[PDB]
Each structure stands twice: as structure tokens, then as C-alpha cells.
Amino acid sequence: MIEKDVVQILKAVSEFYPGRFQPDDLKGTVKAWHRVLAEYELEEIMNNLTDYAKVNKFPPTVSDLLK
């Protein structure tokens, strides 16, 4: 996925976890998660975020969304 698609993944994590996920440097987090996320598709990862939020009190790391 391109960068703008990474910006959406991060906006969703933030919607799921109000007041518990606030990166001090959003632009920087987008750039770093993209090094991992360029090999994946937007639709698959969004589906994985949904399954993760159904059972976790704490926000995910990028590794938690690849499967």
C-alpha cells in the first residue's frame, strides 16, 4: 500500500482507542509503519485491525496487524 493508505490505518487505530493512542510525531510514525506496510494491501490489514479490537484493551503494534 502507498503512504496515504497507511495514514488511514493509523486514523482507524485512533478511532478504536480514544485517548490511548496518540503518537508524539504522527508524520514519523506514518513513515516507519510504511517500511513494513508497503508489501501489504489496504483491505486485508483493515480487516485484521477489526478482529484485533474485539479482544484487546491495549492498542496494537504494526506486527499485530499482519496476521
# chains A, B, ... in the order shown; residues from 1 in each chain; ligands from 1
call {"tool": "select_by_dssp", "arguments": {"residues": "region 2-67 of chain A", "states": "helix (DSSP H, G or I)", "output": "NGL selection string"}}
result
:A and (3-16 or 26-37 or 42-53 or 62-65)
call {"tool": "residues_around", "arguments": {"residues": "region 25-37 of chain A", "least_positions_apart": "3", "cutoff": "9 Å", "atoms": "only C-alpha atoms", "output": "ChimeraX atom specification"}}
result
/A:1-4,6-7,10,22,40-42,45,62-63,66
call {"tool": "residues_around", "arguments": {"residues": "residue 19 (chain A)", "least_positions_apart": "6", "cutoff": "12 Å", "atoms": "only C-alpha atoms", "output": "list in words"}}
result
residues 13, 58 and 59 of chain A
call {"tool": "write_last_selection", "arguments": {"atoms": "C-alpha atoms", "output": "CSV table (one decimal), in the first residue's frame"}}
result
chain,number,residue,atom,x,y,z
A,13,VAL,CA,-6.5,2.7,15.3
A,58,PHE,CA,-4.4,-2.0,24.5
A,59,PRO,CA,-3.7,-0.6,21.1
call {"tool": "residues_around", "arguments": {"residues": "residue 15 (chain A)", "least_positions_apart": "5", "cutoff": "12 Å", "atoms": "only C-alpha atoms", "output": "ChimeraX atom specification"}}
result
/A:8-10,20-22,49-50,53,59
call {"tool": "write_last_selection", "arguments": {"atoms": "C-alpha atoms", "output": "compact mmCIF listing (two decimals), in the first residue's frame"}}
result
# COMPACT_ATOMS: atom_id res chain seq x y z
CA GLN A 8 -5.87 5.61 7.06
CA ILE A 9 -4.78 2.56 9.05
CA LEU A 10 -3.41 4.89 11.73
CA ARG A 20 -4.82 5.81 24.48
CA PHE A 21 -3.07 6.08 21.14
CA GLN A 22 -1.52 9.46 20.38
CA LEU A 49 -7.49 -4.37 12.83
CA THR A 50 -11.15 -5.12 13.31
CA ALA A 53 -10.00 -4.66 18.63
CA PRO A 59 -3.67 -0.58 21.08
